[PDB]
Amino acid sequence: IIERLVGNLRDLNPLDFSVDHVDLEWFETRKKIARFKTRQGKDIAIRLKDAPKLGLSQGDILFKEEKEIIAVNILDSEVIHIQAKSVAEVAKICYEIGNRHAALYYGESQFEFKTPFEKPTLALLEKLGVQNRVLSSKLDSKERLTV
């Protein structure tokens, strides 16, 4: 029964280790009491203090033992990436989506923002006519914009 995180694979870790991942959808990282069957059949429960608020993230270690580990993996989803030309054009998108109540994440870079696919968020984005694309990928809860 897991209680606290031993950090992240990201912070090396050249692996090197055996890793059992725990495969979680994006909408599932804030779960607090939970039971899980791991990637390799294994069992693992979670009951956390100072649960990372924003959510659990890519490669979060639930369990390290010698060279054995369990990390969180975060399953890829359908996703609208967004490219604002300008700092104004950012504010505009963001308020807009806010107003919509959609979810919203930072991109890999400056004027990039990903939010889940939804046919009407598309809609919006075309209306105001912005640079988007749908790409199966990864919305780390670390990237989110507070509820």
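Sequential numbering from 1, following the sequence displayed.
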> On average, are the C-alpha B-factors higher in 30-38 or in 95-103?
Replying inline: 30-38
> Higher mean Cα B-factor in the deposited model: 111-119 or 45-53?
Replying inline: 45-53
> Highest Cα B-factor in the deposition, which of 139, 124, 15, 135?
Replying inline: 15
> Among the modelled residues of its chain, does the C-alpha B-factor of residue 85 lie in the lowest, middle or highest third?
Replying inline: middle
> Within this chain, which third does the Cα B-factor at residue 65 fall in: lowest, middle or highest?
Replying inline: highest
